[PDB]
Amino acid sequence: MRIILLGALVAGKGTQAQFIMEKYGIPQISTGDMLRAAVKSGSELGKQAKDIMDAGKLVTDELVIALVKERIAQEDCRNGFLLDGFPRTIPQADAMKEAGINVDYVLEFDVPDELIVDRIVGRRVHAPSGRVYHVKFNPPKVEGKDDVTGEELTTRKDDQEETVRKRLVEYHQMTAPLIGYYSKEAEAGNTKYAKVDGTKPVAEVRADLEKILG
C-alpha cells in the first residue's frame, strides 16, 4: 500500500509512521531520518545536508528526490511504503507525479500553531534508532533513557527554538501548498485524503488511523 503523511511541524507524523509500518507491514521512508543518518556516518550527502538542516533551511530538491528514488527502488518498498517527510515542496510532489508514483492515502496531521514550538522543543530522540519521545507529552519510562536499548536520548540542533521558528516560515512557504496539492488529486480520483487531529492522545490518533486504513 502507499501512503503520504503530510502535516504541520511536530503534529505527530513520525510517531505514527511506526504503527502504520508494523500494522500494515510497509517501509517507513523518513527523509528526515535518512539525511540525519547520512550526517552521522560522514557520507557525502551528510556533508551537504548538515549545515542546511541545522539552519532550518530545507535541503535541495534535486538531492532529496535522488535519495528517495534510490530507496523506493529497493526490494522492500516492493509492496508499498509510507513516505514520512517526502514531499516537502510542490517540486518534490510533481517529480513523484511525473515519475508515475500514485499513492493510495494521504493523511494530514493537523495541530493548531500554538502547539508547534512546544511539540518540537521538548522532543528528545534516541539517536541510533530514531525513536522519538516528548519530555512532557510522550515521555520515556526512565527519564533520559530510551525504553528499548537503555541508551540516553538526545536533542536535535534543529529542535532548538529559534531554528523551529525559521522552519515554520520555510514550511508556510514551501510545504503548506501540498495540502492543496494532494486535495486536488484526491478530487481528481487519484488518492484518498483524510485529515487527523494531531492534538489527541497518541492512543486515539492511532485508533483514528486504523479506522481509516483498516
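Note that residue numbering follows the sequence shown and begins at 1.
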Higher average CA B factor in the deposited record is what I'm after, so tell me if that's 156 to 164 or 169 to 177. 156 to 164
Quick check on the record: does 122 to 130 or 95 to 103 carry the larger mean Cα temperature factor? 95 to 103
For the CA B factor values reported in this entry, which option in 17, 203, 196, 11 has the top one? 203
Largest Cα B-factor, entry values, listed residues 188, 35, 65, 148: 188
Determine, from the deposited record, the chain-internal third of the Cα B-factor for residue 73: lowest, middle or highest. highest
Ranked against its chain, the third holding the CA B-factor of residue 144: highest
Sorting the chain's modelled residues by C-alpha B-factor and splitting them into thirds places residue 82 in the lowest
Thinking about Cα B factors across the chain, which third does residue 90 belong to? lowest
Could you tell me which third, lowest, middle or highest, the C-alpha B-factor of residue 113 occupies within its chain? highest
